[PDB]
Amino acid sequence: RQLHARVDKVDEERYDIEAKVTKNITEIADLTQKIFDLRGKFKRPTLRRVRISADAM
Amino acid sequence: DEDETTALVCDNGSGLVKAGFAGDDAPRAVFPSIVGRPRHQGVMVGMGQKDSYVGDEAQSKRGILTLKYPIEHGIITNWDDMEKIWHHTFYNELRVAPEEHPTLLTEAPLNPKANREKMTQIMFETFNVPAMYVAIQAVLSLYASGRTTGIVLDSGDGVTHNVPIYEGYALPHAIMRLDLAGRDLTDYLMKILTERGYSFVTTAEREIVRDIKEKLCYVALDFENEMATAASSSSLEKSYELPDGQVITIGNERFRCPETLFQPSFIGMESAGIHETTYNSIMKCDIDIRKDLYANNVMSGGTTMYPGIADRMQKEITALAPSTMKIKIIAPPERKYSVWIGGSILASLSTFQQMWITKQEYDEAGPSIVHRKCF
Amino acid sequence: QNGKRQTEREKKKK
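Residue numbers (the working numbering), protein chains in the order written: chain G, 167 to 223; chain L, 882 to 1256; chain V, 273 to 286.
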């Protein structure tokens, strides 16, 4: 009987622990995209294949 | 991050929110009670840019934002914006999770009931705080000031509450509450400066005037003599630098605005002023109470940092008070920062552990529990 | 004269 009470309690707690992990994963995914947008902010001005045809032609 | 489940303390007013944890000396961070929103169409793409900004973000990016305060005259009218302010307060700058800490919030004793009820609901439902308490501003000021008896005259941004307390008990029949506050003084200063050729009608302009007020304005000890000189000579003008390089000087307007606290008629208000209401809070208490309240006029809240205000408040009430008796004002460098300080003290008292509402009782009663458990 | 918590509570229990 104690084990039934224990398994019932552990899954209630387990749900909350899994939810907490999920919340931190979600924050990483969101933070990661903000960083990627900031990366594009500074990399963008040079993302070209440049100054080749200028002499070839 | 703490070694105890210390309560979080958040002094949420109509001005700035001061927040930190119980047991400390000072808030960890302060935030304008503001949620900002762009009033312009975006032109460049991939610029980030939020739909809404919170606290200091809203103020820092204010050049193109309209800024709204969720709290007016001490009451939350917009709780969605307060959820954002608290999210920011707790997770971005204090970097704590209320889920693991009790939270203490503050209000005036006659603040309409919806304020404490919605504050209780937000913390129990969006932050899932284990416990709550909504505290009295006067109580918090009295703990911070070292008193159990006195008049707490709290003239801040929202309302002036002015409640007499004796031996730690309310004397509610003598609360000389007044709908006159620091926000009205700011509005008056925007208008009086407009008259000098410096119009202040937009959000950016309003934030600038509040900054001007805080650094340049005063009430003085004698208005008529102060104006006789200020209105006659440039020697009493003081300059201020605006963000775009403009320079504004203010003459008698520098004190005529703030003077509205003593002369409310300047903004169309029907009132005796804060010093007469302070006097009446003492006078309306029993005769064996009056002597202790006269000796303990407790100054707190905003506007308490105007030059001449502590000296003037004692002068104005001692002038109405009877002779022989000594009338005194208490106005420590902890003025206005007394409500937050009191929150830290109160949250931490062992006797206050019987006052906190838990996230147990809350579920059975709902947020209305605040009216059964706090005060 | 003639709640966000209820949702989470249900998720963990279900």
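The C-beta atom is built at its ideal place from N, Cα and C for all residues, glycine as well.
#1: Of the residues that make up the segment 190–203 of chain G, which ones have a beta carbon closer than 9 Å to any beta carbon in chain L?
#2: Less than 8 Å between the CB atoms is what I'm expecting for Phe1008/L and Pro979/L, so what's the real figure, rounded?
#3: Mapping DSSP to helix, strand and coil, what is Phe1008/L?
#4: Is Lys276/V close to chain L? Criterion is C-beta to C-beta, closer than 8 Å.
#5: Near residue 1314/L, what residues of its chain come up, given a Cβ to Cβ distance below 7 Å and the 5 sequence neighbours on each side ignored?
#6: Run through the segment 1046–1113 of chain L for me and flag every whole alpha helix (DSSP H) of 4 or more residues, listed as ranges in chain order.
#7: Note down, in chain order, all residues in the segment 1137–1167 of chain L with a beta-carbon under 8 Å from any beta-carbon belonging to chain B.
#8: Starting from the C-beta of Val911/L, find all residues in its chain whose C-beta is less than 8 Å away, skip the five residues before and the five after it, and write them out in chain order.
#9: Which residues in the same chain as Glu1140/L place their Cβ atom closer than 7 Å to its Cβ, once the five residues preceding and following it in sequence are excluded?
#10: Taking C-beta pairs closer than 7 Å, name the residues in chain G that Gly923/L reaches, listed in chain order.
#11: Taking C-alpha atoms, which residue in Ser1022/L, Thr1001/L, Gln1018/L, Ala1019/L lies nearest to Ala1012/L?
#12: For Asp884/L, tell me which candidate among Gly917/L, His954/L, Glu981/L has the shortest Cα-Cα distance.
#13: Just the chain V side, please: which residues come within less than 9 Å of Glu1006/L by C-beta, in chain order?
#14: Taking the straight line between their C-alpha atoms, what separation do you get for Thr1083/L and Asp932/L?
#15: Which residues in the same chain as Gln940/L place their Cβ atom closer than 6 Å to its Cβ, once the five residues preceding and following it in sequence are excluded?
#16: CA-CA distance, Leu1174/L and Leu1142/L?
#17: Give me the Cα-Cα distance between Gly1039/L and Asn1177/L, rounded to the nearest whole angstrom.
#18: Apart from the five residues just before and just after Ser1249/L, which ones in its own chain have a Cβ nearer than 7 Å to its Cβ?
#19: How far does the alpha helix (DSSP H) with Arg172/G in it extend, from its first residue to its last?
#20: Could you say which of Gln930/L, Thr970/L, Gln922/L, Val935/L lies nearest to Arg909/L if we only look at CA atoms?
#21: Can the beta-carbon of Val977/L be found closer than 8 Å to that of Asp906/L?
#22: Assign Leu948/L to one of two classes, buried (16 or more other C-beta atoms within 10 Å of its C-beta) or exposed (fewer than that).
#23: For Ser933/L, which of helix, strand or coil comes out of DSSP?
#24: Mark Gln922/L as exposed unless 16 or more other C-beta atoms lie within 10 angstroms of its C-beta, in which case mark it buried.
#25: Identify every residue that forms a DSSP beta bridge with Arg920/L.
#26: To which residues of the same chain is residue 871/L closer than 6 Å at the C-beta, ignoring the five residues directly before and after it?
#27: Which residues mark the beginning and the end of the beta strand (DSSP E) in which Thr984/L is found?
#28: Taking DSSP as the reference, what is the three-state secondary structure of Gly1183/L?
#29: DSSP on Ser1152/L, reduced to helix/strand/coil?
#30: Does the count of Cβ pairs from the segment 1210–1218 of chain L and the segment 1018–1035 of chain L closer than 8 Å reach three?
#31: Quick one: what's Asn1178/L bridged to in DSSP?
#32: To the nearest angstrom, how far is the alpha carbon of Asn992/L from that of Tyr1243/L?
#33: Under three-state DSSP, which class holds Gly1027/L?
#34: To the nearest angstrom, report how far apart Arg1091/L and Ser1225/L are at their CA atoms.
Checking against the coordinates, here is how it stands:
#1: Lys200, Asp203
#2: Residue numbering aside, residue 1008/L sits at position 127 when the second sequence is read from its first letter. Residue numbering aside, residue 979/L sits at position 98 when the second sequence is read from its first letter. Rounded, the Cβ-Cβ distance is 4 Å, consistent with contact.
#3: For the purposes of this step, residue 1008/L is taken as the residue at position 127 of the second sequence. Correct three-state label for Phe1008/L: coil.
#4: Sequence index remark: in the third sequence, residue 276/V carries index 4 (1-based). With 8 Å as the cut-off, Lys276/V counts as an interface residue toward chain L.
#5: Any property of residue 1314/L remains undetermined from this structure, which presents chain L solely from 882 to 1256.
#6: DSSP runs (the alpha helix (DSSP H)) wholly in the segment 1046–1113 of chain L: 1063–1075, 1084–1097, 1104–1111.
#7: The displayed structure is made up of protein chains G, L and V, and chain B is not among them.
#8: The count along the second sequence starts at 1 and reaches residue 911/L at position 30. Result list for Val911/L: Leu897, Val898, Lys899, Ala900, in chain order.
#9: Reading the second sequence from its first residue, position 259 is the one you call residue 1140/L. Same-chain partners within the cutoff: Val1100, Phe1104, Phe1147.
#10: Here residue 923/L refers to the residue found at position 42 when the second sequence is read from its first residue. Ordered by position in chain G, no residue passes the 7 Å Cβ test against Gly923/L, which lies about 15 Å from the chain.
#11: Locating residue 1012/L in the second sequence gives position 131, where the first residue counts as 1. Of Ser1022/L, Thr1001/L, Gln1018/L, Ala1019/L, the residue nearest in Cα terms is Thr1001/L.
#12: Within the second sequence, the letter at position 3 stands for residue 884/L. When only C-alpha atoms are compared, the closest one is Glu981/L.
#13: Numbered from its first residue, the second sequence carries residue 1006/L at position 125. Taking a Cβ-Cβ cut-off of 9 Å, the neighbours of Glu1006/L in chain V comprise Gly275, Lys276, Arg277, given in sequence order.
#14: Taking the first residue of the second sequence as 1, we reach residue 1083/L at position 202. Taking the first residue of the second sequence as 1, we reach residue 932/L at position 51. Cα-Cα distance, rounded: 20 Å.
#15: Reading the second sequence from its first residue, position 59 is the one you call residue 940/L. Excluding positions up to five away in sequence, the list reads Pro913.
#16: Mapped onto the second sequence, residue 1174/L falls at position 293. Mapped onto the second sequence, residue 1142/L falls at position 261. When rounded, the separation of the alpha-carbon atoms in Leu1174/L and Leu1142/L is 21 Å.
#17: As a working note, residue 1039/L is residue 158 in the second sequence. As a working note, residue 1177/L is residue 296 in the second sequence. One C-alpha to the other measures close to 24 Å.
#18: In the second sequence, the residue the question calls residue 1249/L occupies position 368. For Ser1249/L, where only same-chain residues beyond five positions count, the Cβ hits under 7 Å are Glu998.
#19: Residue mapping note: residue 172/G aligns to position 6 of the first sequence, counting from 1. 168–209 is the extent of the alpha helix (DSSP H) around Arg172/G.
#20: Translated into the one-based positions of the second sequence, residue 909/L becomes position 28. Nearest option by C-alpha distance: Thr970/L.
#21: Counted from its first residue, the second sequence places residue 977/L at position 96. Counted from its first residue, the second sequence places residue 906/L at position 25. Cβ distance not < 8 Å, so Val977/L and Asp906/L don't count as in contact.
#22: In the second sequence, residue 948/L corresponds to position 67, counting from 1. Under this definition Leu948/L is a buried residue.
#23: Reading the second sequence from its first residue, position 52 is the one you call residue 933/L. Here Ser933/L sits in coil by DSSP.
#24: Numbered from its first residue, the second sequence carries residue 922/L at position 41. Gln922/L is exposed by the Cβ-count criterion.
#25: Stepping through the second sequence from its first residue, residue 920/L is reached at position 39. Partner(s): none; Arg920/L has no beta bridge.
#26: Given a span of 882 to 1256 for chain L in the structure shown, any question on residue 871/L remains unanswerable.
#27: Taking the first residue of the second sequence as 1, we reach residue 984/L at position 103. Per DSSP, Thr984/L belongs to the beta strand (DSSP E) from 984–988.
#28: Numbered from 1 along the second sequence, position 302 holds the residue referred to as residue 1183/L. In the structure shown, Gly1183/L adopts coil according to DSSP, grouped into three states.
#29: The residue labelled residue 1152/L in the question sits at position 271 within the second sequence. Correct three-state label for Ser1152/L: coil.
#30: yes
#31: For this step, residue 1178/L is matched to residue 297 along the second sequence. According to DSSP, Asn1178/L bridges with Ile1032/L, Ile1210/L.
#32: Within the second sequence, residue 992/L is the residue found at index 111, counting from 1. Within the second sequence, residue 1243/L is the residue found at index 362, counting from 1. Each residue's Cα considered, the two are about 21 Å apart.
#33: Start at 1 with the first residue of the second sequence, and residue 1027/L comes out as number 146. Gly1027/L falls in the coil class under three-state DSSP.
#34: The sequence position of residue 1091/L within the second sequence is 210, counting from 1. The sequence position of residue 1225/L within the second sequence is 344, counting from 1. For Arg1091/L and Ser1225/L, the distance between alpha carbons rounds to 28 Å.
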